[PDB]
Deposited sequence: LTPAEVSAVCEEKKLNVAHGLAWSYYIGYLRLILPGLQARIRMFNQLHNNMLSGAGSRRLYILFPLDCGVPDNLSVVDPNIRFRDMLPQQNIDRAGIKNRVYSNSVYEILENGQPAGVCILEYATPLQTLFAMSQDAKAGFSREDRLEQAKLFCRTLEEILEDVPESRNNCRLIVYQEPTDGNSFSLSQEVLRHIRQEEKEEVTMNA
């Protein structure tokens, strides 16, 4: 349709383009402080949760008994070529599998999906929201494909959280992605 394009571009321009080139330096800072806790597959990329249903939690953090908050990435004052950085909120979680920590992961939501959710809650549909969300995703995927540094430092985790039933597990989904990486 229309808004997906704008959402993808602004989310790149105003966020991903800004945070991705400084991420590894901040992972390094985090690992120096926290005895290499950010180690193992899936631990050194920004994983962006992209629920096509657009269910981003209000408070933006992952809320899930099997995805346990541990810590946030520290900040880097100055970027690689001497330009001052803004500040970024990035959270590191441990993924549980049967009560046992199975991985550590920098996880967050693709925040603009909230905008799509809001649009579908005004008196002036959900299937349109889904199509918009998909288009938002593939447009973002195309953009990242054009910058090879970015694609190295982040992965999109695209799924659909059903509105009811107990079939879907986000933690297993995140594990599924990391373990299948090649």
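How would you list, in order, the spans of the deposited sequence that the model does not cover?
Model skips 1 to 14, 139 to 141, 200 to 207 of the deposited chain.
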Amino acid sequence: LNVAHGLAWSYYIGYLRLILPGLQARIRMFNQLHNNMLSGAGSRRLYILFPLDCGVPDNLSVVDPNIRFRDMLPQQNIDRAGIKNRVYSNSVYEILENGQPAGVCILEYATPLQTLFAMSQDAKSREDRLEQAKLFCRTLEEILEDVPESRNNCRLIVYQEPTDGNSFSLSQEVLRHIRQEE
From here on, numbers count along this sequence of modelled residues.
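Rigid core (definition): largest C-alpha set, two forms, superposition within 1.5 Å.
Hey, after superposing on the core, which one moves around more in 7 other deposited structures of this protein, 135 to 143 or 33 to 41, CA-wise?
When 135 to 143 and 33 to 41 are compared in 7 other deposited structures of this protein, the bigger C-alpha shift is seen for 33 to 41.
Going by root mean square C-alpha distance after a core fit, say whether 154 to 162 or 14 to 22 is farther from the shown form in 7 other deposited structures of this protein.
It is 154 to 162 whose C-alphas lie farther from the shown form in 7 other deposited structures of this protein.
Using only the Cα atoms and their B-factors as the entry lists them, report which of 126 to 134 and 26 to 34 averages higher.
That would be 126 to 134.
With reference to the PDB entry, specify whether the mean Cα temperature factor is higher for 36 to 44 or for 138 to 146.
Per the PDB entry, the higher value belongs to 138 to 146.
Please work out which residue in 112, 74, 99, 103 has the highest C-alpha B-factor recorded for this crystal structure.
By C-alpha B-factor in the record, 99 ranks first.
Of 92, 95, 81, 87, which one's C-alpha B factor is largest in the deposited record?
Within the set 92, 95, 81, 87, 81 shows the top C-alpha B-factor.
What third of the chain does residue 62 rank in for C-alpha temperature factor, lowest, middle or highest?
Lowest third, going by the recorded CA B-factors of the chain.
Sorting by Cα B-factor within the chain, modelled residues only, which third would residue 49 end up in: lowest, middle or highest?
Lowest third, going by the recorded CA B-factors of the chain.
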